Every structure is written in structure tokens, then in C-alpha cells.
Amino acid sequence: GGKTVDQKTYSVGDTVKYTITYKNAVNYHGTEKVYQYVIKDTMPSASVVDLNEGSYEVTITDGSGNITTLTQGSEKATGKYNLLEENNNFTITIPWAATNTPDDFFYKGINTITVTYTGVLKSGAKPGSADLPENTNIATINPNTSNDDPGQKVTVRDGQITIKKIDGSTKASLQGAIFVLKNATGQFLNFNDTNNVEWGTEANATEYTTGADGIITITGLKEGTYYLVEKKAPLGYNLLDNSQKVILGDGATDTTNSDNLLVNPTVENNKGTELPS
């Protein structure tokens, strides 16, 4: 639709670039002179996507491709837009004519209004591919003082890996194993800032321990190929030599309800000699 984001999925802490596009901007609406367009954007909670205030680029593109880049201000004048930011939301008002009644229009023909801006994904975002109103924003664009536009929505997305650690023979769930997560580019996950996934050295990696249920949950990752690296085996088990590949997104296995952003790899462990005896 008319509201889009730059990536199909994100990791927590990533910059999300949003684009709002409105292609029907002309000088009359009904028989009424258009003297402004109002763009209102209601974002998710800032605990989910935190708007970067002041990040806007506002343009008008005419039918020939000519671009006018607008600048911020309250004056009713060509080349301007007014901004109000409150509560993680914003409203942009673009004056369209020098006066409100019949001329003194600033722009001619059929124009496209584009607003680009950014936000930052935070820890409250929900993972997966389902209907997620909490991850969704809505932008409306209306002439003059109308509020009838039903708006354009987009949902930011991320993924989750639920690791289950078992004994390869008995299939029992095993507590106390320690893993780190590696990406496809040689780096290790540091998720110590709960609002920001980071990738770096192994020494700086976050260590995850399998719980009483054998599980580790890592929530808030971009699609891609990851590798589960065992740092400590459960008590009595041999340390696994090699990592286990886990795909999140296209190509995923072990999905929950066919959702390739909710994956459930099982890692098998091998009892060490003393434990079979």
C-alpha cells in the first residue's frame, strides 16, 4: 500500500525507514479549493517502534518527475510544511495555496506527496507473521479539514528462535547447556541491551542457558541464517564440536504453525562415557 518499510524483517535495535506516498494531490477536492494536505501518523508504542523525531524528508513530485523538497515552518507559503510531534506520533501539514478560498496555488497538476522518516525497533515488538496491531502504524492523508481517509498501514516484523536441547538417545530435555548465537558473517550475538541486538566478538557474546524445560528463547532477530554454538554441554554430556544451522524466514525448518519467523530447532547432546556407564 501507500505506507511501506525498507526491509521485510528487522532485528531489535534496527533503524526502520518508513515511506508514506500519496499520489492524488491536486488543487480541488469536490468543488472546494484545496489549501492544505494533512498527514497524520499514529505509530506503535515507543516500546515497540520509537519514532525518530526530526527524521522527515518531505517532497512533492509533479507529473514530469520534478521534485520540490519542503522545509519545516509555520508560514502559509510555497515549499513549506508544518510539523507537530507528540507521544511518538506526528502530524505534517503542507500548505497548498496562499489563501483558503478561491488562483494562488503553489503547485500545479497532479502531484505525489512523499514523507520518509525513521524509527528504531524496540524490545516490545512481537515476532512472527500473524496479524500484529502492536507492530503496526497507520498514516492518513486528507485535504483541508477532512478526516475521512481510511489510511495506509504497515507492520514491522521480526523473528524468534526457540532452542530445545535434548539427549539424542532418550530425547529428554536438558537444562544447563550454554549457547551463543552466531550470524552468517562471523559474529556473535550480544543482546545485553534488551532494546538492541548487536553482533561482535565471541568474548562479548550473550550466553544463554537452557532452562528447566530444556529451552532457550531468543526473540527479535532479522531473517537469515544463524548458527547455534554450544559453549557448555549439560552436566555429563560431551561438548558438541560443530554448530547447528538455523534458518529464520525463507527456507526455515521447524516452524510454528507454518510461520517461518517462529522457528524451533532441536539440538541433540551425546552422553559422555561416565553417564552411559
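Sequential numbering from 1, following the sequence displayed.
- According to the entry, the stretch of the deposited sequence that connects residue 102 to residue 103 contains 4 to 9 residues lacking coordinates, which leaves a gap of moderate length in the model.
- Higher average CA B factor: 71-79, of the stretches 134-142 and 71-79.
- Averaged over their C-alpha atoms, the temperature factors of 204-212 and 247-255 are higher for 247-255.
- Across 177, 94, 110, 121, the entry's maximum B-factor at the CA atom is seen for 110.
- Which of 242, 36, 59, 42 has the largest Cα B-factor in the deposited entry comes down to 242.
- Residue-level temperature factors show residue 24 in the highest third of its chain, judged at the C-alpha atom.
- The deposited CA B-factor of residue 3 belongs to the lowest third of values across its chain.
- Per-chain ranking of the deposited C-alpha B factor places residue 125 in the middle third.
- In the deposited entry, the Cα temperature factor of residue 98 places it in the highest third of its chain's modelled residues.
- Split the chain's modelled residues into thirds by C-alpha temperature factor. Residue 260 is in the highest one.
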